[PDB]
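File shown: target36.json (JSON, C-alpha atoms).
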[["chain", "number", "residue", "atom", "x", "y", "z"],
["A", 5, "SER", "CA", 110.50, 122.44, 110.11],
["A", 6, "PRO", "CA", 113.37, 122.32, 107.60],
["A", 7, "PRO", "CA", 111.94, 123.09, 104.16],
["A", 8, "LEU", "CA", 112.69, 120.68, 101.33],
["A", 9, "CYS", "CA", 111.50, 119.60, 97.90],
["A", 10, "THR", "CA", 111.94, 116.68, 95.52],
["A", 11, "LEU", "CA", 112.67, 116.86, 91.80],
["A", 12, "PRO", "CA", 111.36, 116.24, 89.19],
["A", 13, "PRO", "CA", 107.98, 117.60, 90.36],
["A", 14, "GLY", "CA", 106.05, 115.22, 88.10],
["A", 15, "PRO", "CA", 104.56, 111.84, 88.95],
["A", 16, "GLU", "CA", 107.87, 110.17, 88.09],
["A", 17, "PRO", "CA", 109.97, 108.88, 91.01],
["A", 18, "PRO", "CA", 112.15, 111.59, 92.57],
["A", 19, "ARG", "CA", 115.79, 111.92, 91.55],
["A", 20, "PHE", "CA", 117.09, 114.93, 93.50],
["A", 21, "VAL", "CA", 116.34, 116.47, 96.90],
["A", 22, "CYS", "CA", 117.02, 120.11, 97.82],
["A", 23, "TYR", "CA", 117.10, 121.25, 101.44],
["A", 24, "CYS", "CA", 118.69, 123.79, 103.78],
["A", 25, "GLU", "CA", 120.18, 123.36, 107.25],
["A", 26, "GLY", "CA", 120.92, 125.72, 110.13],
["A", 27, "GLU", "CA", 120.13, 129.26, 108.99],
["A", 36, "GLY", "CA", 126.70, 127.34, 109.05],
["A", 37, "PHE", "CA", 123.81, 127.81, 106.64],
["A", 38, "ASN", "CA", 124.06, 126.00, 103.31],
["A", 39, "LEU", "CA", 121.84, 124.74, 100.49],
["A", 40, "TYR", "CA", 122.19, 121.00, 99.89],
["A", 41, "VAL", "CA", 121.17, 119.24, 96.67],
["A", 42, "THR", "CA", 121.71, 115.48, 96.54],
["A", 43, "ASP", "CA", 120.65, 112.44, 94.54],
["A", 44, "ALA", "CA", 121.26, 110.18, 97.60],
["A", 45, "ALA", "CA", 124.62, 109.18, 96.06],
["A", 46, "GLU", "CA", 126.53, 112.48, 95.76],
["A", 47, "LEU", "CA", 126.05, 115.71, 97.70],
["A", 48, "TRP", "CA", 126.30, 119.22, 96.26],
["A", 49, "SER", "CA", 126.61, 122.19, 98.63],
["A", 50, "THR", "CA", 127.17, 125.93, 98.31],
["A", 51, "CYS", "CA", 130.05, 125.77, 100.84],
["A", 52, "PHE", "CA", 128.84, 129.03, 102.37],
["A", 53, "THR", "CA", 131.03, 130.86, 104.89],
["A", 54, "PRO", "CA", 130.11, 133.75, 107.20],
["A", 55, "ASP", "CA", 132.16, 136.12, 105.04],
["A", 56, "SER", "CA", 130.72, 134.77, 101.77],
["A", 57, "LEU", "CA", 127.14, 134.49, 103.05],
["A", 58, "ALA", "CA", 126.97, 138.23, 103.79],
["A", 59, "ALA", "CA", 128.51, 139.07, 100.40],
["A", 60, "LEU", "CA", 125.89, 137.07, 98.49],
["A", 61, "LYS", "CA", 123.07, 138.71, 100.46],
["A", 62, "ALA", "CA", 124.48, 142.16, 99.64],
["A", 63, "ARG", "CA", 124.65, 141.28, 95.94],
["A", 64, "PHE", "CA", 120.99, 140.22, 95.88],
["A", 71, "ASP", "CA", 117.00, 135.43, 105.68],
["A", 72, "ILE", "CA", 117.30, 133.01, 102.77],
["A", 73, "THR", "CA", 115.39, 130.11, 104.38],
["A", 74, "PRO", "CA", 111.94, 131.80, 104.06],
["A", 75, "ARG", "CA", 112.71, 132.40, 100.38],
["A", 76, "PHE", "CA", 113.90, 128.80, 99.98],
["A", 77, "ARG", "CA", 110.86, 127.53, 101.90],
["A", 78, "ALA", "CA", 108.52, 129.49, 99.62],
["A", 79, "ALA", "CA", 110.21, 128.08, 96.52],
["A", 80, "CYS", "CA", 109.90, 124.52, 97.84],
["A", 81, "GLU", "CA", 106.17, 124.99, 98.51],
["A", 82, "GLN", "CA", 105.64, 126.43, 95.01],
["A", 83, "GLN", "CA", 107.93, 123.87, 93.30],
["A", 84, "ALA", "CA", 109.69, 126.74, 91.53],
["A", 85, "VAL", "CA", 113.20, 125.28, 92.00],
["A", 86, "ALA", "CA", 115.26, 124.78, 88.84],
["A", 87, "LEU", "CA", 118.34, 122.53, 88.90],
["A", 88, "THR", "CA", 121.18, 122.22, 86.38],
["A", 89, "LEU", "CA", 123.78, 119.52, 87.03],
["A", 90, "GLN", "CA", 127.02, 119.31, 85.04],
["A", 91, "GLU", "CA", 129.94, 117.27, 86.46],
["A", 92, "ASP", "CA", 131.05, 118.87, 89.77],
["A", 93, "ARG", "CA", 129.23, 122.16, 89.09],
["A", 94, "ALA", "CA", 125.61, 122.53, 90.23],
["A", 95, "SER", "CA", 123.31, 125.55, 90.22],
["A", 96, "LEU", "CA", 120.03, 126.10, 92.06],
["A", 97, "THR", "CA", 117.47, 128.66, 90.86],
["A", 98, "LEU", "CA", 114.69, 129.89, 93.16],
["A", 99, "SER", "CA", 111.61, 131.57, 91.69],
["A", 100, "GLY", "CA", 108.81, 133.45, 93.42],
["A", 101, "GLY", "CA", 110.46, 136.56, 94.81],
["A", 102, "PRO", "CA", 111.00, 139.96, 93.19],
["A", 103, "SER", "CA", 114.31, 138.74, 91.73],
["A", 104, "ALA", "CA", 115.41, 135.21, 90.88],
["A", 105, "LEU", "CA", 118.12, 133.81, 93.16],
["A", 106, "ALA", "CA", 120.93, 131.75, 91.61],
["A", 107, "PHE", "CA", 123.17, 129.68, 93.89],
["A", 108, "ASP", "CA", 126.41, 127.96, 92.92],
["A", 109, "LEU", "CA", 126.92, 124.46, 94.35],
["A", 110, "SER", "CA", 130.02, 122.25, 94.45],
["A", 111, "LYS", "CA", 130.27, 118.50, 94.96],
["A", 112, "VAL", "CA", 130.95, 117.56, 98.58],
["A", 113, "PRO", "CA", 133.86, 115.10, 98.98],
["A", 114, "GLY", "CA", 132.90, 111.49, 99.66],
["A", 115, "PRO", "CA", 134.30, 111.28, 103.20],
["A", 116, "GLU", "CA", 132.78, 114.68, 103.98],
["A", 117, "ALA", "CA", 129.45, 113.93, 102.28],
["A", 118, "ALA", "CA", 128.96, 110.56, 104.00],
["A", 119, "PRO", "CA", 128.03, 111.91, 107.48],
["A", 120, "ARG", "CA", 125.68, 114.47, 105.93],
["A", 121, "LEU", "CA", 123.84, 111.82, 103.93],
["A", 122, "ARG", "CA", 124.10, 109.71, 107.10],
["A", 123, "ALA", "CA", 122.11, 112.18, 109.20],
["A", 124, "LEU", "CA", 119.80, 113.10, 106.30],
["A", 125, "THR", "CA", 118.13, 109.68, 106.28],
["A", 126, "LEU", "CA", 117.53, 109.73, 110.05],
["A", 127, "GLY", "CA", 115.98, 113.20, 110.08],
["A", 128, "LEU", "CA", 113.66, 112.47, 107.16],
["A", 129, "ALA", "CA", 112.50, 109.15, 108.62],
["A", 130, "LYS", "CA", 111.50, 110.67, 111.97],
["A", 131, "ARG", "CA", 109.72, 113.50, 110.15],
["A", 132, "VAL", "CA", 107.72, 110.89, 108.21],
["A", 133, "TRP", "CA", 106.62, 109.15, 111.41],
["A", 134, "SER", "CA", 106.05, 112.41, 113.29],
["A", 135, "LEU", "CA", 103.91, 113.90, 110.51],
["A", 136, "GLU", "CA", 101.89, 110.68, 110.20],
["A", 137, "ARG", "CA", 101.44, 110.63, 113.98],
["A", 138, "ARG", "CA", 100.08, 114.18, 113.87],
["A", 139, "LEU", "CA", 98.18, 113.52, 110.62],
["A", 140, "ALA", "CA", 96.29, 110.58, 112.14],
["A", 141, "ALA", "CA", 95.08, 112.91, 114.91],
["A", 142, "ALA", "CA", 93.23, 115.13, 112.45],
["A", 180, "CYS", "CA", 90.54, 51.05, 112.23],
["A", 181, "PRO", "CA", 87.10, 51.99, 110.91],
["A", 182, "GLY", "CA", 85.82, 50.23, 107.81],
["A", 183, "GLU", "CA", 88.00, 47.20, 108.52],
["A", 184, "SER", "CA", 87.11, 43.52, 108.92],
["A", 185, "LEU", "CA", 87.92, 42.56, 112.51],
["A", 186, "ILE", "CA", 87.84, 38.84, 111.67],
["A", 187, "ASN", "CA", 90.37, 39.43, 108.87],
["A", 188, "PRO", "CA", 92.89, 42.15, 109.76],
["A", 189, "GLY", "CA", 93.79, 44.81, 107.23],
["A", 190, "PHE", "CA", 90.75, 44.15, 105.03],
["A", 191, "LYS", "CA", 87.35, 45.69, 104.40],
["A", 192, "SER", "CA", 84.42, 44.45, 106.47],
["A", 193, "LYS", "CA", 82.08, 43.20, 103.75],
["A", 194, "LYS", "CA", 78.46, 44.25, 103.77],
["A", 195, "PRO", "CA", 76.10, 41.23, 103.90],
["A", 196, "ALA", "CA", 73.69, 40.35, 101.10],
["A", 197, "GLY", "CA", 71.17, 43.09, 100.37],
["A", 198, "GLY", "CA", 69.40, 42.12, 97.17],
["A", 199, "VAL", "CA", 67.07, 44.84, 95.89],
["A", 200, "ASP", "CA", 64.45, 47.08, 97.49],
["A", 201, "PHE", "CA", 61.29, 48.68, 96.11],
["A", 202, "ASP", "CA", 60.68, 52.42, 96.22],
["B", 5, "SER", "CA", 101.46, 104.14, 103.26],
["B", 6, "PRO", "CA", 104.34, 101.85, 104.24],
["B", 7, "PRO", "CA", 104.90, 101.61, 108.00],
["B", 8, "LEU", "CA", 107.86, 103.03, 109.89],
["B", 9, "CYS", "CA", 108.71, 104.24, 113.39],
["B", 10, "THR", "CA", 111.61, 105.85, 115.24],
["B", 11, "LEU", "CA", 113.27, 105.42, 118.64],
["B", 12, "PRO", "CA", 113.74, 106.56, 121.36],
["B", 13, "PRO", "CA", 110.14, 107.70, 121.97],
["B", 14, "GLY", "CA", 109.46, 111.28, 122.97],
["B", 15, "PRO", "CA", 110.98, 114.63, 122.01],
["B", 16, "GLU", "CA", 114.48, 113.10, 121.92],
["B", 17, "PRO", "CA", 116.46, 113.45, 118.69],
["B", 18, "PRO", "CA", 116.14, 110.49, 116.31],
["B", 19, "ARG", "CA", 118.54, 107.61, 116.88],
["B", 20, "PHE", "CA", 117.15, 104.54, 115.08],
["B", 21, "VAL", "CA", 114.44, 103.84, 112.50],
["B", 22, "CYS", "CA", 112.32, 100.69, 112.17],
["B", 23, "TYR", "CA", 110.46, 99.93, 108.94],
["B", 24, "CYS", "CA", 109.33, 96.98, 106.84],
["B", 25, "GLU", "CA", 108.59, 96.20, 103.20],
["B", 26, "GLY", "CA", 106.70, 93.55, 101.25],
["B", 27, "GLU", "CA", 103.09, 92.44, 101.65],
["B", 28, "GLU", "CA", 102.19, 94.58, 98.62],
["B", 29, "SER", "CA", 98.61, 94.03, 97.47],
["B", 30, "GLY", "CA", 97.43, 93.37, 93.93],
["B", 31, "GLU", "CA", 98.58, 90.97, 91.24],
["B", 32, "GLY", "CA", 101.93, 92.73, 90.78],
["B", 33, "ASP", "CA", 105.33, 91.75, 92.10],
["B", 34, "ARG", "CA", 105.21, 90.41, 95.67],
["B", 35, "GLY", "CA", 108.26, 90.09, 97.91],
["B", 36, "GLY", "CA", 108.83, 88.39, 101.24],
["B", 37, "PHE", "CA", 108.11, 90.26, 104.45],
["B", 38, "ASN", "CA", 111.16, 91.72, 106.18],
["B", 39, "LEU", "CA", 111.69, 94.11, 109.09],
["B", 40, "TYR", "CA", 114.44, 96.71, 108.66],
["B", 41, "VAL", "CA", 116.11, 98.54, 111.56],
["B", 42, "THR", "CA", 118.78, 101.15, 110.90],
["B", 43, "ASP", "CA", 120.47, 104.23, 112.31],
["B", 44, "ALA", "CA", 121.14, 105.33, 108.70],
["B", 45, "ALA", "CA", 124.70, 104.04, 109.28],
["B", 46, "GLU", "CA", 124.36, 100.24, 109.31],
["B", 47, "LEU", "CA", 121.23, 98.46, 108.08],
["B", 48, "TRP", "CA", 119.81, 95.62, 110.18],
["B", 49, "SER", "CA", 117.25, 93.30, 108.60],
["B", 50, "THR", "CA", 115.62, 90.04, 109.64],
["B", 51, "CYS", "CA", 116.77, 88.44, 106.34],
["B", 52, "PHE", "CA", 113.66, 86.27, 106.44],
["B", 53, "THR", "CA", 113.56, 83.09, 104.37],
["B", 54, "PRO", "CA", 110.40, 81.13, 103.46],
["B", 55, "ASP", "CA", 111.39, 78.42, 105.94],
["B", 56, "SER", "CA", 112.52, 80.91, 108.60],
["B", 57, "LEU", "CA", 109.42, 83.10, 108.24],
["B", 58, "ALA", "CA", 107.11, 80.13, 108.84],
["B", 59, "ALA", "CA", 109.16, 79.04, 111.86],
["B", 60, "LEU", "CA", 108.71, 82.40, 113.59],
["B", 61, "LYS", "CA", 105.00, 82.30, 112.75],
["B", 62, "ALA", "CA", 104.76, 78.83, 114.31],
["B", 63, "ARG", "CA", 106.80, 80.09, 117.27],
["B", 64, "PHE", "CA", 104.11, 82.68, 118.11],
["B", 65, "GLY", "CA", 101.14, 80.70, 116.77],
["B", 66, "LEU", "CA", 100.75, 82.59, 113.49],
["B", 67, "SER", "CA", 99.45, 81.04, 110.28],
["B", 68, "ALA", "CA", 101.49, 80.89, 107.09],
["B", 69, "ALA", "CA", 98.91, 82.96, 105.18],
["B", 70, "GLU", "CA", 98.67, 85.68, 107.84],
["B", 71, "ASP", "CA", 100.28, 89.02, 106.98],
["B", 72, "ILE", "CA", 102.68, 90.45, 109.55],
["B", 73, "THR", "CA", 102.67, 93.98, 108.08],
["B", 74, "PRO", "CA", 99.24, 94.99, 109.52],
["B", 75, "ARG", "CA", 100.38, 94.02, 113.02],
["B", 76, "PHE", "CA", 103.49, 96.21, 112.60],
["B", 77, "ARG", "CA", 101.03, 99.10, 112.14],
["B", 78, "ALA", "CA", 99.84, 98.56, 115.71],
["B", 79, "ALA", "CA", 103.36, 98.74, 117.16],
["B", 80, "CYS", "CA", 104.40, 101.83, 115.17],
["B", 81, "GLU", "CA", 101.45, 104.08, 116.06],
["B", 82, "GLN", "CA", 101.31, 102.92, 119.69],
["B", 83, "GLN", "CA", 105.12, 103.22, 120.01],
["B", 84, "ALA", "CA", 105.36, 99.66, 121.37],
["B", 85, "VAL", "CA", 108.63, 98.90, 119.55],
["B", 86, "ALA", "CA", 111.55, 97.77, 121.72],
["B", 87, "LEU", "CA", 115.01, 97.49, 120.17],
["B", 88, "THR", "CA", 118.05, 95.89, 121.81],
["B", 89, "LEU", "CA", 121.36, 96.48, 120.05],
["B", 90, "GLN", "CA", 124.46, 94.27, 120.25],
["B", 91, "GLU", "CA", 127.76, 94.12, 118.38],
["B", 92, "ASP", "CA", 126.46, 91.99, 115.50],
["B", 93, "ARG", "CA", 122.79, 91.05, 116.02],
["B", 94, "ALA", "CA", 119.74, 93.18, 116.82],
["B", 95, "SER", "CA", 116.41, 92.25, 118.37],
["B", 96, "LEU", "CA", 113.08, 93.99, 117.73],
["B", 97, "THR", "CA", 110.10, 93.52, 120.05],
["B", 98, "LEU", "CA", 106.59, 94.47, 118.92],
["B", 99, "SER", "CA", 103.96, 94.92, 121.65],
["B", 100, "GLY", "CA", 101.20, 96.62, 119.64],
["B", 101, "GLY", "CA", 99.03, 93.50, 119.68],
["B", 102, "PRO", "CA", 97.78, 91.21, 122.45],
["B", 103, "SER", "CA", 101.04, 89.21, 122.23],
["B", 104, "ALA", "CA", 104.66, 90.29, 121.88],
["B", 105, "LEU", "CA", 106.91, 89.12, 119.04],
["B", 106, "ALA", "CA", 110.71, 88.99, 119.08],
["B", 107, "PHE", "CA", 112.44, 89.52, 115.73],
["B", 108, "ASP", "CA", 116.11, 88.67, 115.24],
["B", 109, "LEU", "CA", 118.00, 90.96, 112.86],
["B", 110, "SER", "CA", 121.38, 90.57, 111.18],
["B", 111, "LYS", "CA", 123.84, 93.03, 109.68],
["B", 112, "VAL", "CA", 123.11, 93.89, 106.04],
["B", 113, "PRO", "CA", 126.18, 93.96, 103.74],
["B", 114, "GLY", "CA", 127.46, 97.38, 102.74],
["B", 115, "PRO", "CA", 127.05, 96.96, 98.97],
["B", 116, "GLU", "CA", 123.35, 96.22, 99.62],
["B", 117, "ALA", "CA", 122.70, 98.41, 102.67],
["B", 118, "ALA", "CA", 123.83, 101.62, 100.93],
["B", 119, "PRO", "CA", 121.42, 101.45, 97.94],
["B", 120, "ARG", "CA", 118.55, 100.68, 100.33],
["B", 121, "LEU", "CA", 119.52, 103.60, 102.56],
["B", 122, "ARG", "CA", 119.88, 105.89, 99.54],
["B", 123, "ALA", "CA", 116.52, 104.76, 98.12],
["B", 124, "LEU", "CA", 114.85, 105.23, 101.51],
["B", 125, "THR", "CA", 116.27, 108.75, 101.85],
["B", 126, "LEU", "CA", 114.71, 109.83, 98.54],
["B", 127, "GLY", "CA", 111.40, 108.20, 99.48],
["B", 128, "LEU", "CA", 111.17, 109.84, 102.90],
["B", 129, "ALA", "CA", 111.84, 113.32, 101.50],
["B", 130, "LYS", "CA", 109.12, 112.76, 98.90],
["B", 131, "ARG", "CA", 106.82, 111.43, 101.63],
["B", 132, "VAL", "CA", 107.47, 114.40, 103.93],
["B", 133, "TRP", "CA", 106.78, 116.62, 100.92],
["B", 134, "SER", "CA", 103.56, 114.73, 100.15],
["B", 135, "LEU", "CA", 102.21, 114.77, 103.71],
["B", 136, "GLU", "CA", 102.54, 118.53, 104.25],
["B", 137, "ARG", "CA", 100.37, 119.49, 101.27],
["B", 138, "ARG", "CA", 97.72, 116.96, 102.27],
["B", 139, "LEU", "CA", 97.90, 118.21, 105.86],
["B", 140, "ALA", "CA", 97.77, 121.87, 104.78],
["B", 141, "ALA", "CA", 94.68, 121.36, 102.62],
["B", 142, "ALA", "CA", 92.80, 119.14, 105.08],
["B", 143, "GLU", "CA", 93.54, 121.11, 108.25],
["B", 144, "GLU", "CA", 92.57, 124.54, 106.86],
["B", 145, "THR", "CA", 91.03, 124.30, 103.38],
["B", 180, "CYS", "CA", 131.53, 175.17, 99.57],
["B", 181, "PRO", "CA", 128.43, 176.52, 101.33],
["B", 182, "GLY", "CA", 128.92, 178.35, 104.60],
["B", 183, "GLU", "CA", 132.54, 179.23, 103.81],
["B", 184, "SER", "CA", 134.22, 182.60, 103.31],
["B", 185, "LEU", "CA", 135.34, 183.19, 99.73],
["B", 186, "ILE", "CA", 137.62, 185.91, 101.14],
["B", 187, "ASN", "CA", 139.51, 183.40, 103.31],
["B", 188, "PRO", "CA", 139.35, 179.72, 102.27],
["B", 189, "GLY", "CA", 138.92, 177.42, 105.23],
["B", 190, "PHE", "CA", 136.76, 179.93, 107.12],
["B", 191, "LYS", "CA", 133.01, 180.38, 107.40],
["B", 192, "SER", "CA", 131.30, 183.09, 105.39],
["B", 193, "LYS", "CA", 130.88, 186.22, 107.51],
["B", 194, "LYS", "CA", 127.57, 188.06, 107.66],
["B", 195, "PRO", "CA", 127.14, 191.69, 108.78],
["B", 196, "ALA", "CA", 126.36, 192.19, 112.45],
["B", 197, "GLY", "CA", 122.61, 191.80, 112.89],
["B", 198, "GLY", "CA", 122.21, 194.23, 115.78],
["B", 199, "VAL", "CA", 118.89, 193.62, 117.54],
["B", 200, "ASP", "CA", 115.25, 193.19, 116.51],
["B", 201, "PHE", "CA", 111.95, 193.18, 118.40],
["B", 202, "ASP", "CA", 109.26, 190.52, 118.71]]
So that I can check it, write out the structure of this file as structure tokens.
Amino acid sequence: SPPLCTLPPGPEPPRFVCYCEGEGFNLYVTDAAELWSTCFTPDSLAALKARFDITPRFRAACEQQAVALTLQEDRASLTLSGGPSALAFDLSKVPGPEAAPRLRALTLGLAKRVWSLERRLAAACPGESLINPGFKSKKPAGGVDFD
Amino acid sequence: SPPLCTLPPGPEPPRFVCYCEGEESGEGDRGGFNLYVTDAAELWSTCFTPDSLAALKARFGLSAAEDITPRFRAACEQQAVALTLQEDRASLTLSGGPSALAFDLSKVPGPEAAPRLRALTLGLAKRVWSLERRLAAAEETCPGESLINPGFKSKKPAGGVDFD
């Protein structure tokens, strides 16, 4: 299962989603309108690991909600807390045409995971005078009774 | 928990998603019932109107006051949702109940489909996040060189022979 988390962690509606794919491995942070990615490459991925698998660390941070985000124009940074040393990742805005297919597939994968988890979670004419048409049939004289 | 389901059934990768909104309980804001089918690329919705919604209810013998959302629960869990896709219009068939309904869907405009797809994406990620914690708690809880001649090993006197 691909780990992910939603920010802010409070009861307010979510504004950003952080997730990882395919450990080309990259860390994706998006607000469903723009996508920020680390743009990792096989040469750069090894270099960052030497300076400091990343998915178990990212998965642990998502479960603990220890992910800090700072967004400023096209520059984004993701901070993971929980390990012996804090991990800081630099993210750049994905171009619109490039980011569209990734947000395209993101909605499909999340929606199936919602249904799949729920599927597994659940397994755990009257009154008319005939003589005179169109008129009431009068009641005859009745007088008064004694009771 | 709002309903939703995905096709094709089985371990196949996701291709299309069916979900609906409206029928919200309480005295708050209430919107008309609508079925939404999408592949996260183009959004298809029934675009139900008050006159059109009653017509489909009368087509299948459903009252005006009856809620269609609870019956969509039957189709989603039982995986009785059949979707036929064409160039412009889409048809959804629900067989979760004793009778089958056919829903006609139309293409949602881009300026409106995108915000709904972007709002759904944030909601699903939050919902996946919410389910796992509830599931987790409920399920379980140099030396050797001759100084006489550089570049040559240090020489030791001949050791002769010893006895053991």
Do me a favour and pick out the residues of chain B within 10 Å of chain A, using all atoms listed in the file, as number ranges by chain. B: 5, 7-11, 17-23, 42-46, 80-82, 118-119, 121-139, 142-143
Could the residues in this selection be saved with C-alpha atoms as a PDB file, in the coordinates of the input?
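Saved to again04.pdb:
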ATOM      1  CA  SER B   5     101.460 104.140 103.260  1.00  0.00           C
ATOM      2  CA  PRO B   7     104.900 101.610 108.000  1.00  0.00           C
ATOM      3  CA  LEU B   8     107.860 103.030 109.890  1.00  0.00           C
ATOM      4  CA  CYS B   9     108.710 104.240 113.390  1.00  0.00           C
ATOM      5  CA  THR B  10     111.610 105.850 115.240  1.00  0.00           C
ATOM      6  CA  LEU B  11     113.270 105.420 118.640  1.00  0.00           C
ATOM      7  CA  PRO B  17     116.460 113.450 118.690  1.00  0.00           C
ATOM      8  CA  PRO B  18     116.140 110.490 116.310  1.00  0.00           C
ATOM      9  CA  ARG B  19     118.540 107.610 116.880  1.00  0.00           C
ATOM     10  CA  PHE B  20     117.150 104.540 115.080  1.00  0.00           C
ATOM     11  CA  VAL B  21     114.440 103.840 112.500  1.00  0.00           C
ATOM     12  CA  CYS B  22     112.320 100.690 112.170  1.00  0.00           C
ATOM     13  CA  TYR B  23     110.460  99.930 108.940  1.00  0.00           C
ATOM     14  CA  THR B  42     118.780 101.150 110.900  1.00  0.00           C
ATOM     15  CA  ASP B  43     120.470 104.230 112.310  1.00  0.00           C
ATOM     16  CA  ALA B  44     121.140 105.330 108.700  1.00  0.00           C
ATOM     17  CA  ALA B  45     124.700 104.040 109.280  1.00  0.00           C
ATOM     18  CA  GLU B  46     124.360 100.240 109.310  1.00  0.00           C
ATOM     19  CA  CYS B  80     104.400 101.830 115.170  1.00  0.00           C
ATOM     20  CA  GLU B  81     101.450 104.080 116.060  1.00  0.00           C
ATOM     21  CA  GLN B  82     101.310 102.920 119.690  1.00  0.00           C
ATOM     22  CA  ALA B 118     123.830 101.620 100.930  1.00  0.00           C
ATOM     23  CA  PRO B 119     121.420 101.450  97.940  1.00  0.00           C
ATOM     24  CA  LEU B 121     119.520 103.600 102.560  1.00  0.00           C
ATOM     25  CA  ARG B 122     119.880 105.890  99.540  1.00  0.00           C
ATOM     26  CA  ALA B 123     116.520 104.760  98.120  1.00  0.00           C
ATOM     27  CA  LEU B 124     114.850 105.230 101.510  1.00  0.00           C
ATOM     28  CA  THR B 125     116.270 108.750 101.850  1.00  0.00           C
ATOM     29  CA  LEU B 126     114.710 109.830  98.540  1.00  0.00           C
ATOM     30  CA  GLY B 127     111.400 108.200  99.480  1.00  0.00           C
ATOM     31  CA  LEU B 128     111.170 109.840 102.900  1.00  0.00           C
ATOM     32  CA  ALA B 129     111.840 113.320 101.500  1.00  0.00           C
ATOM     33  CA  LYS B 130     109.120 112.760  98.900  1.00  0.00           C
ATOM     34  CA  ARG B 131     106.820 111.430 101.630  1.00  0.00           C
ATOM     35  CA  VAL B 132     107.470 114.400 103.930  1.00  0.00           C
ATOM     36  CA  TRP B 133     106.780 116.620 100.920  1.00  0.00           C
ATOM     37  CA  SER B 134     103.560 114.730 100.150  1.00  0.00           C
ATOM     38  CA  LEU B 135     102.210 114.770 103.710  1.00  0.00           C
ATOM     39  CA  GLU B 136     102.540 118.530 104.250  1.00  0.00           C
ATOM     40  CA  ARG B 137     100.370 119.490 101.270  1.00  0.00           C
ATOM     41  CA  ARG B 138      97.720 116.960 102.270  1.00  0.00           C
ATOM     42  CA  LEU B 139      97.900 118.210 105.860  1.00  0.00           C
ATOM     43  CA  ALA B 142      92.800 119.140 105.080  1.00  0.00           C
ATOM     44  CA  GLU B 143      93.540 121.110 108.250  1.00  0.00           C
TER      45      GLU B 143
END
If we count all atoms listed in the file and set the cut-off at 9 Å, which residues sit around residue 107 in chain A, ignoring sequence neighbours fewer than 2 positions away in its own chain? Please answer as a list in words. residues 39, 50, 94, 95, 96, 97, 98, 105 and 109 of chain A
Here CA of residue 5 in chain A and CA of residue 120 in chain B stand apart by 25.2 Å
Local residues around (102.8, 91.3, 108.1), at most 9 Å away, using only C-alpha atoms, as a ChimeraX atom specification: /B:24,26-27,37-38,70-77
So what do you get for CA of residue 95 in chain B versus CA of residue 33 in chain B, distance-wise? 28.5 Å
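Pairwise distance (CA of residue 111 in chain B, CA of residue 86 in chain B) equals 17.8 Å.
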Counting all atoms listed in the file, which residue out of A:78, A:51, A:89, A:141 sits closest to residue 113 in chain A?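 Ranking A:78, A:51, A:89, A:141 by distance to residue 113 in chain A, first place goes to A:51.
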Using all atoms listed in the file, list the residues that have an atom at most 9 Å from (121.0, 128.8, 106.6), coordinates as in the file, as a PyMOL selection string. chain A and resi 24-27+36-39+52+71-73
